[PDB]
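The data below hold one chain only, encoded as C-alpha cells and taken in the form described as "closed conformation" in its entry title.
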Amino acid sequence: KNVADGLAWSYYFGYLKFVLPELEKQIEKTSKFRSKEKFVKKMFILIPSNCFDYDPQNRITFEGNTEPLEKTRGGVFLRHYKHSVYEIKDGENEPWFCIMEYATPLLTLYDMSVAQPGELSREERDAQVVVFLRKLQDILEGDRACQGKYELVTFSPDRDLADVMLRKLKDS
C-alpha cells in the first residue's frame, strides 16, 4: 500500500537531501573533472524495467569517483558519500562524462520480488514502483536545493544503455 512513500521518503532524507545540493561543489573538488568540459554536473538516477549486460558495444567506462562527502552524525559517526562518474563514447566524437546511479531503493523491490514472491508479488511491486518514481519526483520537485540537480532515466534491453544516455546528454 502506502509503503512506496516510505521508500521514497528514505531515499531523500537519507541520501538525496544532502548529496544533491552539494553535487556541483563535490564535482568541482575532483581535479580530474574540473577542467573536463562536456561534463553534465547532474545526477542521473537510472531505472531498469522488467527483469534480468547493459554494455554490449562497451561504450561506457568507469573513470573514477568524486571526492567523498564526509558527514558526521551525533558527533561520533562518520559516513562517506561519493559518486561514480562514467565516460560514454559518442563514436569518434568527444566523449561525455556523467554521474549515473543504479537506484538501490528500487532495486530492492526487484531483488525482493524475485526472492520473496509471497511477500512482494512481481505485479504487486509493479504498482509500488510506479508510485515510488512519481512520489520521488514530487518530493524533490518541492525541494529548491535538489531541483534540477537530478534526472530520471529509464532503460531496457531494447533500450541500449549507452544509446539512451547519449540521448539524455544532448538535452540536459
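For the two forms, the rigid core is made up of the largest set of C-alpha atoms that agree within 1.5 Å on superposition. In case it trips you up, residue 1 is the first one in the sequence shown, and so on.
Count the deposited residues lacking coordinates between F52 and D53 and you get 4 to 9 of them.
Averaged over their C-alpha atoms, the temperature factors of 110-118 and 39-47 are higher for 110-118. For the two regions 153-161 and 16-24, the entry's Cα B-factors average higher over 153-161. In this PDB entry, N93 carries a Cα temperature factor that places it within the highest third of its chain's modelled residues.
Ranked within its chain, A127 lands in the highest third, by CA B factor from the PDB record. Remark: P68 belongs to the middle third of its chain, ranked by C-alpha B-factor as recorded.
One more form of this protein should be noted, the form described as "open conformation" in its entry title, which is absent from this view; the next part is about it.
Rigid core superposed between this form and the one not shown, residues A145, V114, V40, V130 considered: the one with a C-alpha shift of 2 Å or more is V114.
If you fit the rigid core between this form and the one not shown, you'll see the Cα of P157 move by 2 angstroms or more.
Core-aligned CA deviation for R73 between this form and the one not shown: 2 Å or greater.
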